[PDB]
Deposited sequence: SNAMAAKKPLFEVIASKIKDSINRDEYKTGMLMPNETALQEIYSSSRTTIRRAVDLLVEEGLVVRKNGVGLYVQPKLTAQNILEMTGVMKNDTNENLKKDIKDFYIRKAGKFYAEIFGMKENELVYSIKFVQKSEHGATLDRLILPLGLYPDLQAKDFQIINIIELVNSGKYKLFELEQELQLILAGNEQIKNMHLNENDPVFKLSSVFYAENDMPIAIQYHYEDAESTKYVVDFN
């Protein structure tokens, strides 16, 4: 078995025992820790990335991916009616979020997706929080009971909220998570949270079934 695979397994263990914390040693440090080559480390880390265990901060270092253990789920939501977490992971901002946040598209953001049983059907929420703006949070700190509190828990204080409201056709996200049919009408409430001086610090998308006995929505 190749060395890089051996080292990747060794690092997986370190991650399993919370030795490396989301919120780890860079690749140069890993060379020294494992007395191995740059190439060996790069290939070991490539494998861990592919498995979704860690993520690189281009030209900076390495982050461990958050894990939705029963314990972290308990910390974040209070459970085990309520809020069910579907996804929590770190990803590059990409171009779309880079323009909104005014950051580099290869810089990292947290992406959180959760569903909630409500009045008329399940609702779906997506939260995007730039890693550089919420530096000190560990997975258990990402409590989703109160979104205002969460958005306020990072490096900057929440100052202002800017919101957009739309009617859209149910997409794959909605049909799957909200139990809707192709093209059913859905309210999309988009929120951009700002710190002072026009600095966006978080984005949120909230979706609800728009069906009603009062009207019919007809999309072209």
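Enquirer: Extract from the deposited sequence all ranges with no corresponding C-alpha coordinates, numbering residues from 1.
Expert: Seq positions lacking coordinates: 1-7, 31-32, 90-96.
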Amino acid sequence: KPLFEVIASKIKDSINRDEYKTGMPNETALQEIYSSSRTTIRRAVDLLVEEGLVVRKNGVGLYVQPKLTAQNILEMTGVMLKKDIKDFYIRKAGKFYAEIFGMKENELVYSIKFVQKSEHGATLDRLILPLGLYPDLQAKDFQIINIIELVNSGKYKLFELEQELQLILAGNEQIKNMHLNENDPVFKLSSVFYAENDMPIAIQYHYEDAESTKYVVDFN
From here on, numbers count along this sequence of modelled residues.
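Enquirer: Going by the average Cα B-factor in the PDB entry, point out whether 138-146 or 99-107 comes out higher.
Expert: The stretch with the larger mean CA B-factor is 99-107.
Enquirer: Mean C-alpha B-factor higher for 128-136, or for 111-119?
Expert: It is 111-119 that shows the higher mean C-alpha B-factor.
Enquirer: Can you tell me which of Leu158, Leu169, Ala29, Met178 has the highest Cα temperature factor in the record?
Expert: The C-alpha B-factor peaks, among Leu158, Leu169, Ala29, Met178, at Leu169.
Enquirer: Which one, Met24, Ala202, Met199, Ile11, has the peak C-alpha temperature factor per the PDB entry?
Expert: It is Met24.
Enquirer: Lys188: which third of its chain by C-alpha temperature factor?
Expert: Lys188: CA B-factor falls in the lowest third of its chain.
Enquirer: Please rank the C-alpha B-factors of the chain's modelled residues and tell me whether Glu164 sits in the lowest, middle or highest third.
Expert: As the PDB entry reports it, the C-alpha B-factor of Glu164 lands in the middle third of its chain.
Enquirer: Consider only the C-alpha atoms of the modelled residues in this chain, order them by B-factor as the entry records it, and name the third containing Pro66: lowest, middle or highest.
Expert: Ranked within chain, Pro66 CA B lands in the middle tercile.
Enquirer: Check where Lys57 lands among this chain's C-alpha B-factors and tell me if it's the lowest, middle or highest third.
Expert: Highest third - that is where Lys57 ends up once the chain's C-alpha B-factors are sorted.
Enquirer: Lowest, middle or highest third: which one holds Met80 when the chain's residues are ordered by CA B-factor from the entry?
Expert: Tercile = highest for this residue's CA B-factor.
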